[PDB]
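In the authors' numbering, the protein residues as written are 1 to 72.
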């Protein structure tokens, strides 16, 4: 597969990952709140990431995409 960012490389940090969860469980599925807690990220970034986190939790599935490629 291929991946391209038509903007800039956006990545998170452990500190952020740990914070997101904390509030996620405490406040719940509230992005407006979480985003604020962390401060660094924004409602948007959080909204997306929310799904990005789980996607990883469970090995590639629905996507049905493997890092394999034409050998040789």
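Virtual Cβ for every residue (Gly too), placed ideally from N, Cα, C.
N-terminal and C-terminal residue of the alpha helix (DSSP H) that residue i is part of
{"i": "residue 6", "result": "Segment: none, residue 6 is in no alpha helix (DSSP H) and carries neither H nor E."}
{"i": "residue 22", "result": "14-26"}
{"i": "residue 68", "result": "Element bounds for residue 68: n/a, residue is neither H nor E."}
Three-state secondary structure (DSSP) of residue i
{"i": "residue 35", "result": "helix"}
{"i": "residue 40", "result": "coil"}
{"i": "residue 29", "result": "coil"}
{"i": "residue 59", "result": "coil"}
{"i": "residue 11", "result": "coil"}
Supposed contact pair residue j and residue i - C-beta distance, whole angstroms, cut 8 angstroms
{"i": "residue 34", "j": "residue 23", "result": "4 angstroms"}
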